[PDB]
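Next up, start_39.cif (mmCIF, N, CA and C atoms; chains and numbers go by the auth columns):
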data_work
loop_
_atom_site.group_PDB
_atom_site.id
_atom_site.type_symbol
_atom_site.label_atom_id
_atom_site.label_comp_id
_atom_site.label_asym_id
_atom_site.label_seq_id
_atom_site.Cartn_x
_atom_site.Cartn_y
_atom_site.Cartn_z
_atom_site.B_iso_or_equiv
_atom_site.auth_seq_id
_atom_site.auth_asym_id
ATOM 1 N N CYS A 1 129.502 112.089 105.009 0.00 1 A
ATOM 2 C CA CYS A 1 130.710 112.407 105.763 0.00 1 A
ATOM 3 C C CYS A 1 131.027 111.305 106.764 0.00 1 A
ATOM 4 N N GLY A 2 130.219 110.250 106.742 0.00 2 A
ATOM 5 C CA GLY A 2 130.425 109.122 107.639 0.00 2 A
ATOM 6 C C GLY A 2 130.273 109.499 109.101 0.00 2 A
ATOM 7 N N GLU A 3 129.308 110.358 109.381 0.00 3 A
ATOM 8 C CA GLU A 3 129.039 110.807 110.739 0.00 3 A
ATOM 9 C C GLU A 3 127.555 111.135 110.858 0.00 3 A
ATOM 10 N N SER A 4 127.011 111.064 112.064 0.00 4 A
ATOM 11 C CA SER A 4 125.600 111.342 112.264 0.00 4 A
ATOM 12 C C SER A 4 125.370 112.252 113.467 0.00 4 A
ATOM 13 N N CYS A 5 124.540 113.265 113.268 0.00 5 A
ATOM 14 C CA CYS A 5 124.187 114.209 114.317 0.00 5 A
ATOM 15 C C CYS A 5 122.891 113.770 114.991 0.00 5 A
ATOM 16 N N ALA A 6 122.753 112.457 115.139 0.00 6 A
ATOM 17 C CA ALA A 6 121.569 111.849 115.743 0.00 6 A
ATOM 18 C C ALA A 6 121.360 112.297 117.186 0.00 6 A
ATOM 19 N N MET A 7 122.455 112.465 117.902 0.00 7 A
ATOM 20 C CA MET A 7 122.398 112.879 119.302 0.00 7 A
ATOM 21 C C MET A 7 122.394 114.390 119.408 0.00 7 A
ATOM 22 N N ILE A 8 123.449 114.988 118.899 0.00 8 A
ATOM 23 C CA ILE A 8 123.593 116.431 118.905 0.00 8 A
ATOM 24 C C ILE A 8 123.652 116.941 117.475 0.00 8 A
ATOM 25 N N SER A 9 122.960 118.040 117.207 0.00 9 A
ATOM 26 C CA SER A 9 122.919 118.627 115.871 0.00 9 A
ATOM 27 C C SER A 9 124.221 119.365 115.552 0.00 9 A
ATOM 28 N N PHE A 10 125.330 118.698 115.801 0.00 10 A
ATOM 29 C CA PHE A 10 126.647 119.242 115.535 0.00 10 A
ATOM 30 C C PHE A 10 127.606 118.103 115.243 0.00 10 A
ATOM 31 N N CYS A 11 128.133 118.094 114.038 0.00 11 A
ATOM 32 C CA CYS A 11 129.054 117.059 113.612 0.00 11 A
ATOM 33 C C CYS A 11 130.496 117.511 113.804 0.00 11 A
ATOM 34 N N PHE A 12 131.386 116.568 114.076 0.00 12 A
ATOM 35 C CA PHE A 12 132.791 116.889 114.242 0.00 12 A
ATOM 36 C C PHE A 12 133.365 117.300 112.892 0.00 12 A
ATOM 37 N N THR A 13 132.920 116.610 111.847 0.00 13 A
ATOM 38 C CA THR A 13 133.369 116.894 110.492 0.00 13 A
ATOM 39 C C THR A 13 132.655 118.124 109.918 0.00 13 A
ATOM 40 N N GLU A 14 131.719 118.676 110.680 0.00 14 A
ATOM 41 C CA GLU A 14 130.977 119.859 110.250 0.00 14 A
ATOM 42 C C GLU A 14 131.910 121.059 110.173 0.00 14 A
ATOM 43 N N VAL A 15 132.810 121.128 111.139 0.00 15 A
ATOM 44 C CA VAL A 15 133.783 122.210 111.236 0.00 15 A
ATOM 45 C C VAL A 15 134.667 122.315 109.987 0.00 15 A
ATOM 46 N N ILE A 16 134.962 121.185 109.348 0.00 16 A
ATOM 47 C CA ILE A 16 135.822 121.205 108.170 0.00 16 A
ATOM 48 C C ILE A 16 135.050 121.468 106.881 0.00 16 A
ATOM 49 N N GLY A 17 133.727 121.413 106.935 0.00 17 A
ATOM 50 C CA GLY A 17 132.955 121.671 105.736 0.00 17 A
ATOM 51 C C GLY A 17 131.603 120.987 105.713 0.00 17 A
ATOM 52 N N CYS A 18 131.506 119.819 106.337 0.00 18 A
ATOM 53 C CA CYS A 18 130.250 119.068 106.357 0.00 18 A
ATOM 54 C C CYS A 18 129.148 119.832 107.084 0.00 18 A
ATOM 55 N N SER A 19 127.926 119.336 106.980 0.00 19 A
ATOM 56 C CA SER A 19 126.787 119.974 107.619 0.00 19 A
ATOM 57 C C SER A 19 125.759 118.935 108.051 0.00 19 A
ATOM 58 N N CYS A 20 125.185 119.133 109.229 0.00 20 A
ATOM 59 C CA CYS A 20 124.186 118.219 109.760 0.00 20 A
ATOM 60 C C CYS A 20 122.889 118.337 108.966 0.00 20 A
ATOM 61 N N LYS A 21 122.347 117.203 108.547 0.00 21 A
ATOM 62 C CA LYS A 21 121.116 117.190 107.780 0.00 21 A
ATOM 63 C C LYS A 21 120.347 115.905 108.054 0.00 21 A
ATOM 64 N N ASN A 22 119.102 116.056 108.501 0.00 22 A
ATOM 65 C CA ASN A 22 118.220 114.927 108.829 0.00 22 A
ATOM 66 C C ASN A 22 118.940 113.831 109.625 0.00 22 A
ATOM 67 N N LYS A 23 119.676 114.258 110.665 0.00 23 A
ATOM 68 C CA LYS A 23 120.411 113.350 111.564 0.00 23 A
ATOM 69 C C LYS A 23 121.731 112.829 110.966 0.00 23 A
ATOM 70 N N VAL A 24 121.954 113.004 109.674 0.00 24 A
ATOM 71 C CA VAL A 24 123.197 112.533 109.074 0.00 24 A
ATOM 72 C C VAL A 24 124.064 113.696 108.580 0.00 24 A
ATOM 73 N N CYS A 25 125.360 113.593 108.814 0.00 25 A
ATOM 74 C CA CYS A 25 126.296 114.635 108.406 0.00 25 A
ATOM 75 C C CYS A 25 126.691 114.458 106.943 0.00 25 A
ATOM 76 N N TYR A 26 126.320 115.429 106.118 0.00 26 A
ATOM 77 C CA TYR A 26 126.618 115.387 104.691 0.00 26 A
ATOM 78 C C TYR A 26 127.317 116.653 104.220 0.00 26 A
ATOM 79 N N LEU A 27 128.033 116.512 103.120 0.00 27 A
ATOM 80 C CA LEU A 27 128.756 117.609 102.498 0.00 27 A
ATOM 81 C C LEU A 27 128.510 117.562 101.001 0.00 27 A
ATOM 82 N N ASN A 28 127.663 118.460 100.514 0.00 28 A
ATOM 83 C CA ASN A 28 127.314 118.507 99.092 0.00 28 A
ATOM 84 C C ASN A 28 126.725 117.160 98.665 0.00 28 A
ATOM 85 N N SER A 29 125.826 116.648 99.510 0.00 29 A
ATOM 86 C CA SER A 29 125.152 115.364 99.293 0.00 29 A
ATOM 87 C C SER A 29 126.104 114.175 99.466 0.00 29 A
ATOM 88 N N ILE A 30 127.330 114.444 99.901 0.00 30 A
ATOM 89 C CA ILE A 30 128.309 113.390 100.126 0.00 30 A
ATOM 90 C C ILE A 30 128.286 112.963 101.592 0.00 30 A
ATOM 91 N N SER A 31 128.258 111.659 101.828 0.00 31 A
ATOM 92 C CA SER A 31 128.237 111.121 103.179 0.00 31 A
ATOM 93 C C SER A 31 129.561 111.390 103.883 0.00 31 A
#
Now, as a test, write the supplied structure out as structure tokens.
Amino acid sequence: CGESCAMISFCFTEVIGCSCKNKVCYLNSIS
């Protein structure tokens, strides 16, 4: 999703569908 939850375990793009995983925000294995 081109975003990282390295600081906070909450991504901006998480709200639209993405999800925080191992510090990186992914959506169905998509960055």
Segment 6-20 of chain A: axis-aligned bounding box, 4 Å on each side, centre and edge lengths in Å, one decimal, as AutoDock Vina command-line options:
--center_x 128.6 --center_y 117.1 --center_z 112.6 --size_x 22.5 --size_y 18.5 --size_z 21.7
Quick one, how far is atom CA of residue 29 of chain A from atom N of residue 7 of chain A?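 About the pair atom CA of residue 29 of chain A and atom N of residue 7 of chain A: they are 19.0 Å apart.
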Which polymer residues have any atom within 6.5 Å of an atom of residue 30 of chain A, counting only N, CA and C atoms, with same-chain residues fewer than 3 positions away left out, as a ChimeraX atom specification? /A:1-2,25-27
Between atom CA of residue 31 of chain A and atom CA of residue 4 of chain A - distance in Å to one decimal: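 A separation of 9.5 Å between them.
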Compile the contact shell of residue 6 of chain A as a list in words: residues with an atom at most 6 Å away, counting all atoms listed in the file, same-chain residues fewer than 3 positions apart removed.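 That gives residues 9, 23 and 24 of chain A.
One distance worth recording is that between atom C of residue 12 of chain A and atom N of residue 28 of chain A, which is 13.7 Å.
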